[PDB]
Structure formats: C-alpha cells, structure tokens
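K.L.:
Here you go, one structure.
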Amino acid sequence: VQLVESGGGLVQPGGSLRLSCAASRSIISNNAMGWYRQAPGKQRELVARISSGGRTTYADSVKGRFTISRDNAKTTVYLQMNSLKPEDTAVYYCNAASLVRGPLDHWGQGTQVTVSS
Ligand SMILES: [Cl-]
Ligand SMILES: [Cl-]
C-alpha cells in the first residue's frame with residue numbers, strides 16, 4: 001500500500017500550499033483518510049480527516065485555514081493550507097484515519113512544510 005505525498009515547500013507566514021496524497025482507490029475510497037504532521041521535538045498529530053462518505057473534521061489549530069478533500073477519482077486526498085503560520089512547520093503525512101483502527105500499519109515518506117520569514 002503506497003502512500004505518496006507531495007506539495008510541501010518553504011513559504012512566508014501568510015502563504016499557502018496544497019498537499020496531495022496519492023494512493024490506491026481501494027484505500028482512499030473505502031477508508032476515512034487523514035493528514036497528519038510531525039514537527040521537531042513533537043509527536044505526530046492528526047490535523048484533518050475526511051470520512052469515506054466525505055465528512056470533514058479538523059484540529060482546532062487549523063480550522064478555517066486548511067481544507068481536506070478527495071478528488072473525483074478518489075485517488076488523491078488534498079490538503080489546501082491557507083494562511084500558513086510558523087507553527088504549521090512540520091513534515092506532513094497522509095494515511096488512513098479510522099475512528100476504530102487509526103492509520104495503516106505503515107507510513108509514506110511525507111512532504112516537508114516550512115513556514116518562515
Ligand atoms: Cl510565500
Ligand atoms: Cl518534500
């Protein structure tokens with residue numbers, strides 16, 4: 001099960017990035033999917049989730065700024081990240097986000113996000 005992340009970058013505070021998570025339709029269409037992130041000195045944390053039925057939920061810290069979505073084909077999960085803050089700096093990873101099981105038993109390489117002057 002490949003999880004292929006892209007869309008990171010280095011931006012100024014107030015900037016934007018769009019992350020993409022490419023995976024098999026068998027995974028993305030049948031499971032809740034999430035975007036997670038991990039900064040130096042901190043644990044990995046879930047910041048956005050989209051249920052298999054399309055219901056979105058967000059960490060308080062990103063509400064109103066980040067939007068998670070699926071594409072038509074259900075082969076990419078996007079994270080639009082607007083109004084970026086220094087505190088958003090982290091490596092971002094996608095995975096399943098089951099309410100019962102959490103993520104899959106492995107992780108992709110992630111995509112790097114740095115928000116800095
Ligand atoms: Cl920028
Ligand atoms: Cl990267």
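Lettering and numbering for the structure tokens are positional, with chains as A, B, ... in the shown order, residues counted from 1 in each chain, and ligands counted from 1 in the shown order.
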Give me the chain A side of the contact with ligand 1, cut-off 8 Å, one line per residue showing its nearest atom pair and distance in Å at one decimal, counting only C-alpha atoms and all ligand atoms, sorted by chain and residue number, as a tab-separated table.
P.N.:
```
residue	atom	partner	partner_atom_place_in_ligand_line	distance
A:10	CA	ligand 1	1 (Cl)	7.0
A:11	CA	ligand 1	1 (Cl)	3.7
A:12	CA	ligand 1	1 (Cl)	4.0
A:13	CA	ligand 1	1 (Cl)	6.9
A:14	CA	ligand 1	1 (Cl)	7.2
A:15	CA	ligand 1	1 (Cl)	4.6
A:16	CA	ligand 1	1 (Cl)	6.9
```
K.L.:
Can you tell me which residues surround region 77-85 of chain A at a distance of at most 6 Å, considering only C-alpha atoms, apart from same-chain residues fewer than 5 positions away, and format the answer as a count of residues only?
P.N.:
15
K.L.:
With only C-alpha atoms as the basis for distance, which of A:98, A:72, A:116, A:2 is at the shortest distance from residue 51 (chain A)?
P.N.:
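Nearest to residue 51 (chain A): A:98.
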K.L.:
Wanna dump the chain A-ligand 2 contacts at 12 Å for me, each residue with its shortest atom pair and the distance in Å to one decimal, counting only C-alpha atoms and all ligand atoms, ordered by chain and number, as CSV?
P.N.:
```
residue,atom,partner,partner_atom_place_in_ligand_line,distance
A:4,CA,ligand 2,1 (Cl),10.7
A:5,CA,ligand 2,1 (Cl),7.9
A:6,CA,ligand 2,1 (Cl),6.4
A:7,CA,ligand 2,1 (Cl),7.2
A:8,CA,ligand 2,1 (Cl),5.3
A:9,CA,ligand 2,1 (Cl),6.7
A:10,CA,ligand 2,1 (Cl),9.6
A:17,CA,ligand 2,1 (Cl),11.8
A:19,CA,ligand 2,1 (Cl),10.0
A:20,CA,ligand 2,1 (Cl),11.2
A:90,CA,ligand 2,1 (Cl),10.4
A:91,CA,ligand 2,1 (Cl),7.8
A:92,CA,ligand 2,1 (Cl),8.7
A:93,CA,ligand 2,1 (Cl),10.3
A:108,CA,ligand 2,1 (Cl),11.4
A:109,CA,ligand 2,1 (Cl),8.3
A:110,CA,ligand 2,1 (Cl),6.6
A:111,CA,ligand 2,1 (Cl),3.7
A:112,CA,ligand 2,1 (Cl),4.1
A:113,CA,ligand 2,1 (Cl),7.2
A:114,CA,ligand 2,1 (Cl),9.9
```
K.L.:
Within 10 Å of residue 28 (chain A), counting only C-alpha atoms, which residues qualify if same-chain residues fewer than 3 places away don't, as an NGL selection string?
P.N.:
:A and (21-25 or 31-34 or 50-52 or 70-71 or 73-77 or 95-96)
K.L.:
Looking only at strand (DSSP E or B) from DSSP on the backbone, list the matching residues of region 26-111 of chain A as an MDAnalysis selection string.
P.N.:
chainID A and resid 33:38 45:50 56:58 66:70 76:81 90:96 98 102 111
K.L.:
Take CA of residue 46 (chain A) and CA of residue 59 (chain A) and report the distance between them in Å, one decimal.
P.N.:
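Computed distance, CA of residue 46 (chain A) to CA of residue 59 (chain A), equals 7.2 Å.
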K.L.:
Report the residues of chain A whose backbone DSSP state falls under helix (DSSP H, G or I), written as a list in words.
P.N.:
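Of chain A, only residues 25, 26, 27, 28, 60, 61, 62, 86, 87 and 88 of chain A fall in helix (DSSP H, G or I).
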K.L.:
Just the number, please: distance in Å from CA of residue 1 (chain A) to CA of residue 42 (chain A), one decimal.
P.N.:
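These two atoms are separated by 26.3 Å.
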K.L.:
Just how far from CA of residue 86 (chain A) is CA of residue 115 (chain A), in Å to one decimal?
P.N.:
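About the pair CA of residue 115 (chain A) and CA of residue 86 (chain A): they are 4.8 Å apart.
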K.L.:
So which residues touch residue 61 (chain A) within 10 Å, counting only C-alpha atoms, skipping near sequence neighbours fewer than 6 positions away, as an NGL selection string?
P.N.:
:A and (47 or 87-88)
K.L.:
Could you tell me which of A:48, A:53, A:62, A:89 comes closest to residue 117 (chain A) if we count only C-alpha atoms?
P.N.:
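Nearest to residue 117 (chain A): A:89.
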K.L.:
Given the choices A:94, A:54, A:100, A:3, which gets closest to residue 36 (chain A) if the distance is worked out from only C-alpha atoms?
P.N.:
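The answer is A:94, which sits nearest to residue 36 (chain A).
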